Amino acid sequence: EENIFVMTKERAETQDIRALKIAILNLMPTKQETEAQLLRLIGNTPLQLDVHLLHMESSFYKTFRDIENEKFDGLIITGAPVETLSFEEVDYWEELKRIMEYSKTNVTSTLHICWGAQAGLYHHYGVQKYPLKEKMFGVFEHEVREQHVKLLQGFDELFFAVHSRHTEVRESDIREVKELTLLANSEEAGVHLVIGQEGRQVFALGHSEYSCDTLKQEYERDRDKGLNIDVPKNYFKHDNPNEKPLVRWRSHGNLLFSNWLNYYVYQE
């Protein structure tokens, strides 16, 4: 043949796509570390991102009153050190309710992490949280529970994710809610990924955003306070806190945030 065709994987043209507006509601004690972790994970996209930092009304950080008349493509509500309290006892609960209500109409997709996810599940869907006898603490194997869901694109069928919490939501309580879909659970750790209203809410009860040493630092922090805390599970080789942490969860941390931004925050 005189003319032999080549197969061309076309250039992914994303340069004329509008920059996405993302807000981060930072509720974590380690404000710096949490922000840094999230900014790096949010970097996993070819699209341009305008990232607005928020915190509770209780100089880069804004409050809800500054954005209440605006719309966002994405919002991240982080975890918080308040899990043992009833939701209504948390000092900023009324303000958070305002933000969560706002997210329904003014945010395309809200990602909720750990307690933020518990708060969202409770406020939107009435899902209760329950105390654990000991901390769920370590890196755990999870299984994909739904095929063909964009949030899970490129995921292995079995993958690892960190959990760090003295409370839980229960699978049966998620299952009974029509508007929720369980995406990933762990035989040991329980519920991890849940989607609400086709992606209007994304709930991650585990800590996929944790970097290498986060569980180590939590372990040492608690140990030093005189708390009775076991070594994080599947994290130190031979359960030796002096060894380098084994990182089994970063690839799916990246995939979670990348798929969220590309398939849920962005809408064509």
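From 1 onward, residues are counted along the sequence shown.
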Unresolved deposited positions lying between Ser58 and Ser59 come to 10 or more
Comparing mean C-alpha B factor in the record for 67-75 and 187-195, the higher one is 67-75
The stretch carrying the higher mean Cα B factor in the deposited entry, 143-151 or 165-173, is 143-151
Of the residues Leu255, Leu25, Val247, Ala19, the one whose Cα carries the largest B-factor in the deposited record is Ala19
From the entry's CA B-factor values, the highest among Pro241, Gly226, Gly206, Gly43 is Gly43
Binned into thirds over the chain's modelled residues, the C-alpha B-factor of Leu53 lands in the highest
By the entry's values, the third containing the CA B factor of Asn234 is the middle
Chain-relative C-alpha B factor for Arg200 (record values, thirds): the middle
Among the modelled residues of its chain, the C-alpha B-factor of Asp213 falls in the third labelled middle
